[PDB]
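What follows is the content of input.cif (mmCIF, C-alpha atoms and all ligand atoms).
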data_target
#
loop_
_atom_site.label_atom_id
_atom_site.label_comp_id
_atom_site.auth_asym_id
_atom_site.auth_seq_id
_atom_site.Cartn_x
_atom_site.Cartn_y
_atom_site.Cartn_z
CA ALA A 1 0.00 0.00 0.00
CA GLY A 2 1.01 3.64 -0.41
CA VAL A 3 2.04 5.48 2.77
CA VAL A 4 2.43 9.26 2.92
CA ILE A 5 3.07 11.70 5.79
CA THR A 6 2.00 15.33 5.33
CA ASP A 7 3.19 18.19 7.55
CA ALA A 8 0.07 19.53 9.26
CA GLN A 9 1.65 22.82 10.36
CA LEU A 10 2.64 24.51 7.11
CA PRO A 11 -0.47 25.44 5.05
CA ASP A 12 -1.69 23.25 2.18
CA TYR A 13 -0.42 20.15 4.02
CA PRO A 14 2.63 19.19 1.91
CA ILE A 15 3.95 15.64 1.59
CA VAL A 16 7.19 15.21 3.54
CA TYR A 17 7.46 11.44 2.96
CA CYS A 18 6.22 8.68 0.64
CA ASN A 19 7.25 5.01 0.70
CA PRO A 20 8.16 2.95 -2.41
CA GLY A 21 4.65 1.45 -2.37
CA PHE A 22 3.18 4.89 -3.14
CA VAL A 23 5.62 5.32 -6.04
CA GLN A 24 4.57 1.98 -7.55
CA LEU A 25 0.88 2.74 -7.02
CA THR A 26 0.60 6.24 -8.49
CA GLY A 27 3.60 5.98 -10.82
CA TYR A 28 5.15 9.26 -9.63
CA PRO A 29 8.78 9.27 -8.37
CA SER A 30 9.55 10.48 -4.84
CA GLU A 31 11.10 13.65 -6.28
CA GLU A 32 7.83 14.71 -7.95
CA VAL A 33 5.74 14.09 -4.84
CA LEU A 34 7.63 15.67 -1.92
CA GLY A 35 6.43 19.22 -1.24
CA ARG A 36 3.09 18.82 -3.08
CA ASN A 37 -0.43 18.14 -1.80
CA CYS A 38 -1.92 14.69 -2.43
CA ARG A 39 -4.77 16.34 -4.35
CA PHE A 40 -2.75 16.03 -7.56
CA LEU A 41 -4.08 12.46 -7.82
CA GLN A 42 -7.60 13.81 -8.48
CA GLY A 43 -9.11 14.32 -11.94
CA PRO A 44 -12.26 14.97 -14.07
CA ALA A 45 -14.37 12.13 -12.64
CA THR A 46 -13.30 12.49 -8.99
CA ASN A 47 -16.46 12.89 -6.89
CA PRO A 48 -16.32 16.43 -5.36
CA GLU A 49 -18.62 15.47 -2.47
CA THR A 50 -16.13 12.82 -1.34
CA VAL A 51 -13.31 15.38 -1.58
CA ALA A 52 -15.27 18.00 0.35
CA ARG A 53 -15.93 15.52 3.17
CA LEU A 54 -12.22 14.70 3.19
CA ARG A 55 -11.19 18.38 3.43
CA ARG A 56 -13.55 18.97 6.34
CA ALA A 57 -12.05 16.09 8.34
CA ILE A 58 -8.48 17.28 7.63
CA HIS A 59 -9.49 20.79 8.70
CA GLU A 60 -11.07 19.50 11.92
CA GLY A 61 -8.06 17.30 12.68
CA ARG A 62 -10.02 14.03 12.70
CA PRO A 63 -9.40 10.64 11.03
CA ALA A 64 -11.10 9.81 7.72
CA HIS A 65 -11.86 6.86 5.44
CA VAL A 66 -13.12 7.48 1.91
CA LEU A 67 -13.21 5.84 -1.52
CA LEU A 68 -12.48 8.35 -4.30
CA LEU A 69 -11.27 7.97 -7.89
CA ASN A 70 -7.63 8.98 -8.50
CA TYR A 71 -5.36 9.01 -11.58
CA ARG A 72 -1.86 7.56 -12.00
CA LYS A 73 0.85 9.51 -13.84
CA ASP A 74 0.03 7.68 -17.08
CA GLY A 75 -3.54 9.04 -16.81
CA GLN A 76 -5.11 5.67 -15.94
CA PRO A 77 -7.83 5.85 -13.23
CA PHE A 78 -8.03 3.68 -10.09
CA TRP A 79 -10.23 3.27 -7.01
CA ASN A 80 -8.25 4.67 -4.06
CA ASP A 81 -9.20 3.35 -0.61
CA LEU A 82 -7.73 6.27 1.36
CA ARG A 83 -7.46 6.22 5.16
CA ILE A 84 -6.34 9.44 6.89
CA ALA A 85 -5.21 9.69 10.53
CA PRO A 86 -3.88 12.66 12.60
CA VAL A 87 -0.52 12.49 14.41
CA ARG A 88 0.18 14.52 17.57
CA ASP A 89 3.37 14.89 19.65
CA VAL A 90 4.21 14.73 23.37
CA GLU A 91 2.71 18.03 24.52
CA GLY A 92 -0.45 17.49 22.45
CA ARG A 93 0.34 19.30 19.19
CA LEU A 94 -0.75 18.26 15.70
CA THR A 95 2.43 17.83 13.62
CA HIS A 96 1.56 15.40 10.82
CA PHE A 97 -1.07 13.27 9.10
CA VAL A 98 -0.56 9.72 7.86
CA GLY A 99 -2.35 8.53 4.73
CA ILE A 100 -2.73 4.92 3.55
CA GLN A 101 -3.71 4.38 -0.11
CA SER A 102 -4.86 0.97 -1.38
CA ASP A 103 -5.90 0.07 -4.95
CA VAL A 104 -9.32 -1.62 -5.03
CA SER A 105 -10.09 -1.39 -8.77
CA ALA B 1 -0.08 -3.73 5.27
CA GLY B 2 0.41 -2.83 8.92
CA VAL B 3 1.19 0.83 9.67
CA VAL B 4 2.44 2.02 13.07
CA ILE B 5 3.72 5.38 14.34
CA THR B 6 5.99 5.40 17.40
CA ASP B 7 6.77 8.51 19.45
CA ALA B 8 10.52 9.07 19.09
CA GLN B 9 10.81 11.46 22.04
CA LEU B 10 9.69 9.40 25.03
CA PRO B 11 12.17 6.52 25.70
CA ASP B 12 11.49 2.98 24.48
CA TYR B 13 9.67 4.39 21.43
CA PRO B 14 6.02 3.55 22.25
CA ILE B 15 3.34 2.96 19.63
CA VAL B 16 0.93 5.91 19.46
CA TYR B 17 -1.02 4.62 16.43
CA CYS B 18 -1.74 1.41 14.50
CA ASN B 19 -4.11 1.02 11.54
CA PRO B 20 -6.65 -1.84 11.14
CA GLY B 21 -4.21 -3.59 8.78
CA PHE B 22 -1.76 -4.05 11.67
CA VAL B 23 -4.54 -5.51 13.83
CA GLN B 24 -5.43 -8.06 11.14
CA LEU B 25 -1.78 -8.92 10.54
CA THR B 26 -0.53 -9.51 14.09
CA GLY B 27 -3.91 -10.40 15.60
CA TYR B 28 -3.57 -7.94 18.50
CA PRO B 29 -6.34 -5.36 19.10
CA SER B 30 -5.48 -1.64 19.09
CA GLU B 31 -5.95 -1.53 22.87
CA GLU B 32 -3.18 -4.08 23.47
CA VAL B 33 -0.71 -2.34 21.16
CA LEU B 34 -0.86 1.38 22.02
CA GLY B 35 1.83 2.33 24.55
CA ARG B 36 4.02 -0.75 23.92
CA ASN B 37 7.16 -1.22 21.81
CA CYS B 38 6.86 -3.19 18.57
CA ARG B 39 9.44 -5.66 19.90
CA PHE B 40 6.63 -7.75 21.40
CA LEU B 41 6.25 -9.36 17.97
CA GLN B 42 9.65 -11.05 18.38
CA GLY B 43 10.16 -14.61 19.67
CA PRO B 44 12.53 -17.62 20.12
CA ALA B 45 13.62 -17.89 16.46
CA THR B 46 13.90 -14.15 15.74
CA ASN B 47 17.41 -13.49 14.40
CA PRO B 48 19.18 -11.24 16.99
CA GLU B 49 21.62 -9.86 14.41
CA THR B 50 18.71 -8.47 12.38
CA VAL B 51 17.25 -6.93 15.54
CA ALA B 52 20.57 -5.41 16.57
CA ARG B 53 20.96 -3.78 13.15
CA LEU B 54 17.41 -2.44 13.50
CA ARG B 55 18.09 -0.94 16.95
CA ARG B 56 21.22 0.81 15.71
CA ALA B 57 19.34 2.50 12.87
CA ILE B 58 16.52 3.61 15.21
CA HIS B 59 19.14 4.97 17.63
CA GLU B 60 20.91 6.86 14.84
CA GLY B 61 17.63 8.25 13.49
CA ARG B 62 18.00 6.69 10.03
CA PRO B 63 15.60 4.67 7.84
CA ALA B 64 15.77 0.86 7.83
CA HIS B 65 14.56 -2.15 5.85
CA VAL B 66 14.88 -5.64 7.34
CA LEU B 67 13.28 -9.08 7.14
CA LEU B 68 12.87 -10.65 10.60
CA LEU B 69 10.62 -13.41 11.94
CA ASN B 70 7.71 -12.23 14.12
CA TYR B 71 4.86 -14.01 15.95
CA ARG B 72 1.11 -13.30 15.84
CA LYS B 73 -0.97 -13.35 19.03
CA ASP B 74 -1.95 -16.98 18.37
CA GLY B 75 1.77 -17.87 18.44
CA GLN B 76 2.01 -18.55 14.69
CA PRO B 77 5.22 -17.21 13.04
CA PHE B 78 5.43 -15.04 9.91
CA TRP B 79 8.06 -13.31 7.77
CA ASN B 80 7.78 -9.58 8.49
CA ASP B 81 9.07 -7.23 5.77
CA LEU B 82 9.56 -4.21 8.05
CA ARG B 83 10.41 -0.76 6.68
CA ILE B 84 11.26 1.98 9.20
CA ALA B 85 11.44 5.71 8.40
CA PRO B 86 12.10 8.78 10.64
CA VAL B 87 9.65 11.71 10.80
CA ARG B 88 10.79 15.26 11.62
CA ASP B 89 8.79 18.48 12.11
CA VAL B 90 9.08 22.07 10.84
CA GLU B 91 12.07 23.25 12.88
CA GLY B 92 13.97 20.01 12.25
CA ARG B 93 13.08 17.88 15.29
CA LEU B 94 12.58 14.11 15.34
CA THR B 95 9.05 13.47 16.66
CA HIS B 96 7.99 10.08 15.30
CA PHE B 97 8.91 6.98 13.29
CA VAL B 98 6.65 5.27 10.77
CA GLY B 99 6.80 1.49 10.36
CA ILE B 100 5.32 -0.56 7.50
CA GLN B 101 4.88 -4.31 8.09
CA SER B 102 4.11 -6.71 5.22
CA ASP B 103 3.61 -10.49 5.45
CA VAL B 104 5.86 -12.35 2.99
CA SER B 105 5.52 -15.91 4.35
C1 LIG C 201 -2.18 12.89 4.65
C2 LIG C 201 -3.12 13.16 3.50
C3 LIG C 201 -3.14 12.31 2.42
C4 LIG C 201 -4.00 12.53 1.33
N1 LIG C 201 -3.96 11.64 0.29
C5 LIG C 201 -4.76 11.85 -0.72
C6 LIG C 201 -4.74 10.95 -1.81
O1 LIG C 201 -4.00 9.98 -1.84
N2 LIG C 201 -5.59 11.19 -2.86
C7 LIG C 201 -6.44 12.25 -2.87
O2 LIG C 201 -7.16 12.38 -3.86
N3 LIG C 201 -6.48 13.14 -1.85
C8 LIG C 201 -5.69 12.95 -0.82
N4 LIG C 201 -5.70 13.83 0.25
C9 LIG C 201 -6.63 14.98 0.22
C10 LIG C 201 -5.96 16.30 -0.08
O3 LIG C 201 -4.76 16.46 0.68
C11 LIG C 201 -6.92 17.45 0.24
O4 LIG C 201 -7.05 17.53 1.66
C12 LIG C 201 -8.30 17.30 -0.41
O5 LIG C 201 -8.16 17.24 -1.83
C13 LIG C 201 -9.25 18.43 -0.08
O6 LIG C 201 -8.58 19.72 -0.16
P1 LIG C 201 -9.08 20.79 -1.25
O7 LIG C 201 -10.60 20.77 -1.21
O8 LIG C 201 -8.50 22.13 -0.81
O9 LIG C 201 -8.52 20.31 -2.58
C14 LIG C 201 -4.86 13.64 1.35
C15 LIG C 201 -4.83 14.50 2.46
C16 LIG C 201 -3.98 14.27 3.52
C17 LIG C 201 -3.97 15.22 4.70
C1 LIG C 202 8.42 2.52 14.28
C2 LIG C 202 9.00 1.19 14.67
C3 LIG C 202 8.36 0.02 14.32
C4 LIG C 202 8.87 -1.24 14.66
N1 LIG C 202 8.17 -2.35 14.27
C5 LIG C 202 8.66 -3.52 14.60
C6 LIG C 202 7.96 -4.68 14.22
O1 LIG C 202 6.91 -4.63 13.59
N2 LIG C 202 8.48 -5.90 14.57
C7 LIG C 202 9.65 -6.00 15.26
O2 LIG C 202 10.04 -7.14 15.53
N3 LIG C 202 10.35 -4.91 15.65
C8 LIG C 202 9.88 -3.72 15.34
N4 LIG C 202 10.56 -2.58 15.72
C9 LIG C 202 11.83 -2.72 16.47
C10 LIG C 202 11.70 -2.40 17.95
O3 LIG C 202 10.95 -1.20 18.15
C11 LIG C 202 13.09 -2.23 18.56
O4 LIG C 202 13.65 -1.01 18.07
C12 LIG C 202 14.04 -3.40 18.27
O5 LIG C 202 13.47 -4.61 18.78
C13 LIG C 202 15.41 -3.23 18.87
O6 LIG C 202 15.33 -2.73 20.23
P1 LIG C 202 15.89 -3.64 21.43
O7 LIG C 202 17.20 -4.23 20.95
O8 LIG C 202 16.06 -2.70 22.61
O9 LIG C 202 14.82 -4.69 21.66
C14 LIG C 202 10.08 -1.31 15.39
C15 LIG C 202 10.72 -0.12 15.74
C16 LIG C 202 10.20 1.11 15.40
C17 LIG C 202 10.93 2.38 15.80
#
Represent the structure from my file as structure tokens, please.
Ligand SMILES: Cc1cc2nc3c(=O)[nH]c(=O)nc-3n(C[C@H](O)[C@H](O)[C@H](O)COP(=O)(O)O)c2cc1C
Ligand SMILES: Cc1cc2nc3c(=O)[nH]c(=O)nc-3n(C[C@H](O)[C@H](O)[C@H](O)COP(=O)(O)O)c2cc1C
Amino acid sequence: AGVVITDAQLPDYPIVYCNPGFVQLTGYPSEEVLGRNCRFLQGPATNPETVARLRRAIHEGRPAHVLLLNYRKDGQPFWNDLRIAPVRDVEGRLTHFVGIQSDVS
Amino acid sequence: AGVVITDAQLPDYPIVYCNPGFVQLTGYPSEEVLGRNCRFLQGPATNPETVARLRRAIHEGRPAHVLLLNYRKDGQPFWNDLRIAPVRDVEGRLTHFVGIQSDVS
């Protein structure tokens, strides 16, 4: 599965890490992912109601679990079984979010 | 795959998060994982040289990728394809580690 960790302090929530699984899934190299928001995987047939629900959860700092349509680098679509979860530190401060993508096409 | 996030500030490196995939893999519920170190998955046939190499990387704050034998709750063994990676914050401070377990038995 793809595993990404976005910095939840800077605005826009950039990716600061992606495993090899996420590079095989989407087809993007680690150098074209780091620093960008994971919304680049969306496209013309991505359901906006699923995305809106996902952006509310991220903005409220709560976990999420959705099924939205994404698009590899080659432009081929795939069902993405995304699962978001908020990470906090020792003194109770949101620092990161962990995402877990799984292809269920 | 199993995904865990250990707090890298407190000593011992406790688990502060584990996805459902990690609960299906190991067979331990989320309530018996949180607060413990992921070394509870080791057993009598776990190669100590692989574990020592893993503890050096964690202590040096560097990524790792090993293949050690673990044990589910039921006592059944499995090849664990572990992949460790260090997480840092905005002002360059190690806060967490992300682990990715995959069964390759
Ligand atoms: C950690 C994390 C991982 C995300 N992964 C994905 C993803 O894999 N695919 C996707 O379409 N959106 C993903 N998102 C959603 C976007 O980051 C963004 O929050 C969403 O598109 C809504 O924001 P917007 O309405 O401003 O575009 C992820 C968000 C976070 C915080
Ligand atoms: C984030 C993270 C995840 C880990 N996951 C596992 C695991 O799934 N299985 C395992 O046998 N050891 C795992 N370890 C290794 C132990 O946490 C520990 O570092 C290792 O057993 C060496 O420490 P020790 O020699 O003091 O026991 C993980 C370590 C970290 C930091």
For chain A, which residue among B:27, B:48, B:63, B:77 is the nearest when counting only C-alpha atoms?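 Checking each candidate against chain A, we get B:63 as the closest.
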Chain A contacts to chain B at 8 Å (all atoms listed in the file) as a PyMOL selection string: chain A and resi 1+7+9-10+89-90+95-96
Chain fit of chain A to chain B, all Cα atoms, as an mmCIF file with C-alpha atoms, in the coordinates of the input:
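Below is the file that was written, part-v6.cif:
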data_model
loop_
_atom_site.group_PDB
_atom_site.id
_atom_site.type_symbol
_atom_site.label_atom_id
_atom_site.label_comp_id
_atom_site.auth_asym_id
_atom_site.auth_seq_id
_atom_site.Cartn_x
_atom_site.Cartn_y
_atom_site.Cartn_z
ATOM 1 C CA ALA A 1 -0.085 -3.733 5.269
ATOM 2 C CA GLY A 2 0.406 -2.825 8.925
ATOM 3 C CA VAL A 3 1.191 0.834 9.671
ATOM 4 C CA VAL A 4 2.438 2.016 13.063
ATOM 5 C CA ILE A 5 3.715 5.384 14.339
ATOM 6 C CA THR A 6 5.987 5.397 17.400
ATOM 7 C CA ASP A 7 6.770 8.515 19.447
ATOM 8 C CA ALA A 8 10.515 9.067 19.088
ATOM 9 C CA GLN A 9 10.809 11.457 22.043
ATOM 10 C CA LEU A 10 9.695 9.392 25.025
ATOM 11 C CA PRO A 11 12.166 6.526 25.703
ATOM 12 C CA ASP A 12 11.493 2.980 24.479
ATOM 13 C CA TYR A 13 9.666 4.391 21.433
ATOM 14 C CA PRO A 14 6.021 3.547 22.255
ATOM 15 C CA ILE A 15 3.337 2.966 19.626
ATOM 16 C CA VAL A 16 0.926 5.906 19.468
ATOM 17 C CA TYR A 17 -1.014 4.616 16.436
ATOM 18 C CA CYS A 18 -1.742 1.414 14.499
ATOM 19 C CA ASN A 19 -4.112 1.022 11.539
ATOM 20 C CA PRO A 20 -6.645 -1.836 11.139
ATOM 21 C CA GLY A 21 -4.208 -3.586 8.779
ATOM 22 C CA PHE A 22 -1.757 -4.054 11.671
ATOM 23 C CA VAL A 23 -4.538 -5.515 13.834
ATOM 24 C CA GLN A 24 -5.431 -8.063 11.141
ATOM 25 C CA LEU A 25 -1.773 -8.921 10.541
ATOM 26 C CA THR A 26 -0.531 -9.507 14.091
ATOM 27 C CA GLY A 27 -3.912 -10.400 15.598
ATOM 28 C CA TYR A 28 -3.569 -7.945 18.502
ATOM 29 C CA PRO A 29 -6.340 -5.351 19.101
ATOM 30 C CA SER A 30 -5.485 -1.638 19.085
ATOM 31 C CA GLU A 31 -5.953 -1.529 22.866
ATOM 32 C CA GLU A 32 -3.177 -4.086 23.468
ATOM 33 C CA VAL A 33 -0.716 -2.341 21.161
ATOM 34 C CA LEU A 34 -0.857 1.378 22.023
ATOM 35 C CA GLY A 35 1.827 2.325 24.554
ATOM 36 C CA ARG A 36 4.019 -0.754 23.910
ATOM 37 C CA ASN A 37 7.160 -1.221 21.812
ATOM 38 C CA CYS A 38 6.860 -3.198 18.568
ATOM 39 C CA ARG A 39 9.440 -5.665 19.905
ATOM 40 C CA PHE A 40 6.631 -7.746 21.408
ATOM 41 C CA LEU A 41 6.250 -9.359 17.968
ATOM 42 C CA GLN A 42 9.655 -11.058 18.378
ATOM 43 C CA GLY A 43 10.162 -14.606 19.670
ATOM 44 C CA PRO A 44 12.533 -17.616 20.115
ATOM 45 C CA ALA A 45 13.617 -17.885 16.466
ATOM 46 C CA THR A 46 13.901 -14.144 15.744
ATOM 47 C CA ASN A 47 17.410 -13.486 14.399
ATOM 48 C CA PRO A 48 19.178 -11.245 16.996
ATOM 49 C CA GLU A 49 21.618 -9.860 14.409
ATOM 50 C CA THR A 50 18.712 -8.472 12.378
ATOM 51 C CA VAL A 51 17.246 -6.930 15.546
ATOM 52 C CA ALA A 52 20.572 -5.410 16.572
ATOM 53 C CA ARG A 53 20.953 -3.776 13.148
ATOM 54 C CA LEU A 54 17.414 -2.438 13.497
ATOM 55 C CA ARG A 55 18.093 -0.939 16.955
ATOM 56 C CA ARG A 56 21.223 0.804 15.711
ATOM 57 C CA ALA A 57 19.333 2.501 12.866
ATOM 58 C CA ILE A 58 16.522 3.612 15.218
ATOM 59 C CA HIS A 59 19.139 4.971 17.624
ATOM 60 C CA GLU A 60 20.918 6.863 14.834
ATOM 61 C CA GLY A 61 17.637 8.242 13.488
ATOM 62 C CA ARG A 62 18.005 6.690 10.025
ATOM 63 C CA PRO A 63 15.600 4.671 7.834
ATOM 64 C CA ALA A 64 15.769 0.862 7.832
ATOM 65 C CA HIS A 65 14.560 -2.155 5.853
ATOM 66 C CA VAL A 66 14.876 -5.636 7.340
ATOM 67 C CA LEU A 67 13.286 -9.085 7.138
ATOM 68 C CA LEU A 68 12.869 -10.648 10.594
ATOM 69 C CA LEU A 69 10.621 -13.411 11.940
ATOM 70 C CA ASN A 70 7.705 -12.227 14.116
ATOM 71 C CA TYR A 71 4.856 -14.011 15.944
ATOM 72 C CA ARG A 72 1.114 -13.295 15.839
ATOM 73 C CA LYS A 73 -0.972 -13.354 19.030
ATOM 74 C CA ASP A 74 -1.952 -16.978 18.376
ATOM 75 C CA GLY A 75 1.771 -17.875 18.437
ATOM 76 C CA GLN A 76 2.009 -18.542 14.685
ATOM 77 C CA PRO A 77 5.225 -17.218 13.049
ATOM 78 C CA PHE A 78 5.427 -15.041 9.913
ATOM 79 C CA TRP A 79 8.061 -13.318 7.771
ATOM 80 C CA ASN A 80 7.777 -9.579 8.490
ATOM 81 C CA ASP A 81 9.065 -7.234 5.771
ATOM 82 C CA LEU A 82 9.558 -4.208 8.046
ATOM 83 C CA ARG A 83 10.410 -0.758 6.673
ATOM 84 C CA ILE A 84 11.257 1.984 9.199
ATOM 85 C CA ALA A 85 11.441 5.714 8.401
ATOM 86 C CA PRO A 86 12.104 8.783 10.641
ATOM 87 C CA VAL A 87 9.654 11.710 10.799
ATOM 88 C CA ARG A 88 10.796 15.261 11.624
ATOM 89 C CA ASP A 89 8.792 18.484 12.108
ATOM 90 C CA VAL A 90 9.083 22.070 10.834
ATOM 91 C CA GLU A 91 12.061 23.251 12.883
ATOM 92 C CA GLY A 92 13.973 20.009 12.253
ATOM 93 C CA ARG A 93 13.078 17.882 15.287
ATOM 94 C CA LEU A 94 12.581 14.114 15.344
ATOM 95 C CA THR A 95 9.048 13.474 16.661
ATOM 96 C CA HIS A 96 7.995 10.077 15.301
ATOM 97 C CA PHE A 97 8.902 6.985 13.293
ATOM 98 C CA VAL A 98 6.652 5.263 10.769
ATOM 99 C CA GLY A 99 6.804 1.491 10.358
ATOM 100 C CA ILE A 100 5.318 -0.556 7.499
ATOM 101 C CA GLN A 101 4.880 -4.311 8.093
ATOM 102 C CA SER A 102 4.115 -6.704 5.220
ATOM 103 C CA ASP A 103 3.608 -10.490 5.446
ATOM 104 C CA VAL A 104 5.856 -12.353 2.989
ATOM 105 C CA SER A 105 5.527 -15.912 4.353
#
Neighbours of ligand LIG 202 (chain C) within 6 Å, counting only C-alpha atoms and all ligand atoms, as an mmCIF file with C-alpha atoms, keeping the file's coordinate frame?
data_model
loop_
_atom_site.group_PDB
_atom_site.id
_atom_site.type_symbol
_atom_site.label_atom_id
_atom_site.label_comp_id
_atom_site.auth_asym_id
_atom_site.auth_seq_id
_atom_site.Cartn_x
_atom_site.Cartn_y
_atom_site.Cartn_z
ATOM 1 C CA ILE B 5 3.720 5.380 14.340
ATOM 2 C CA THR B 6 5.990 5.400 17.400
ATOM 3 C CA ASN B 37 7.160 -1.220 21.810
ATOM 4 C CA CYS B 38 6.860 -3.190 18.570
ATOM 5 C CA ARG B 39 9.440 -5.660 19.900
ATOM 6 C CA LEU B 41 6.250 -9.360 17.970
ATOM 7 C CA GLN B 42 9.650 -11.050 18.380
ATOM 8 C CA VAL B 51 17.250 -6.930 15.540
ATOM 9 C CA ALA B 52 20.570 -5.410 16.570
ATOM 10 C CA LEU B 54 17.410 -2.440 13.500
ATOM 11 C CA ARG B 55 18.090 -0.940 16.950
ATOM 12 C CA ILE B 58 16.520 3.610 15.210
ATOM 13 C CA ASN B 70 7.710 -12.230 14.120
ATOM 14 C CA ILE B 84 11.260 1.980 9.200
ATOM 15 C CA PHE B 97 8.910 6.980 13.290
ATOM 16 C CA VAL B 98 6.650 5.270 10.770
ATOM 17 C CA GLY B 99 6.800 1.490 10.360
ATOM 18 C CA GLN B 101 4.880 -4.310 8.090
#
Interatomic distance (Å, one decimal) between CA of residue 66 in chain A and CA of residue 81 in chain A: 6.2 Å
Take range 89-103 of chain B, model N, CA, C and O atoms, and hand the result over as a short mmCIF file (atom, residue, chain, number, x, y, z; two decimals), in the frame of the given file.
data_model
loop_
_atom_site.label_atom_id
_atom_site.label_comp_id
_atom_site.auth_asym_id
_atom_site.auth_seq_id
_atom_site.Cartn_x
_atom_site.Cartn_y
_atom_site.Cartn_z
N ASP B 89 9.83 17.46 12.19
CA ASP B 89 8.79 18.48 12.11
C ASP B 89 9.27 19.67 11.27
O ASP B 89 10.01 19.49 10.31
N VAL B 90 8.82 20.88 11.64
CA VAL B 90 9.08 22.07 10.84
C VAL B 90 10.44 22.67 11.17
O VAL B 90 11.13 23.16 10.27
N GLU B 91 10.82 22.64 12.45
CA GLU B 91 12.07 23.25 12.88
C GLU B 91 13.16 22.19 13.02
O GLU B 91 14.13 22.39 13.76
N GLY B 92 12.99 21.08 12.29
CA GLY B 92 13.97 20.01 12.25
C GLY B 92 14.13 19.32 13.61
O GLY B 92 15.18 19.43 14.24
N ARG B 93 13.08 18.61 14.03
CA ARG B 93 13.08 17.88 15.29
C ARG B 93 12.41 16.53 15.09
O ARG B 93 11.28 16.45 14.61
N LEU B 94 13.11 15.46 15.47
CA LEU B 94 12.58 14.11 15.34
C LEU B 94 11.42 13.95 16.33
O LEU B 94 11.59 14.18 17.52
N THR B 95 10.24 13.58 15.82
CA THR B 95 9.05 13.47 16.66
C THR B 95 8.49 12.05 16.63
O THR B 95 7.97 11.58 17.64
N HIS B 96 8.60 11.38 15.47
CA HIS B 96 7.99 10.08 15.30
C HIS B 96 8.79 9.21 14.34
O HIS B 96 9.71 9.69 13.67
N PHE B 97 8.43 7.92 14.30
CA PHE B 97 8.91 6.98 13.29
C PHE B 97 7.69 6.28 12.71
O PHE B 97 6.74 5.99 13.43
N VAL B 98 7.73 6.00 11.40
CA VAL B 98 6.65 5.27 10.77
C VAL B 98 7.19 3.90 10.37
O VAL B 98 8.26 3.81 9.77
N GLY B 99 6.45 2.85 10.73
CA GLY B 99 6.80 1.49 10.36
C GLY B 99 5.76 0.90 9.41
O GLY B 99 4.57 1.21 9.53
N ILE B 100 6.21 0.06 8.47
CA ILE B 100 5.32 -0.56 7.50
C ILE B 100 5.60 -2.06 7.43
O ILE B 100 6.58 -2.46 6.80
N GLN B 101 4.73 -2.86 8.06
CA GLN B 101 4.88 -4.31 8.09
C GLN B 101 4.10 -4.95 6.95
O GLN B 101 2.99 -4.53 6.63
N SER B 102 4.71 -5.98 6.33
CA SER B 102 4.11 -6.71 5.22
C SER B 102 4.44 -8.19 5.35
O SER B 102 5.61 -8.55 5.50
N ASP B 103 3.42 -9.05 5.30
CA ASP B 103 3.61 -10.49 5.45
C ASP B 103 4.11 -11.08 4.13
O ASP B 103 3.46 -10.92 3.10
#
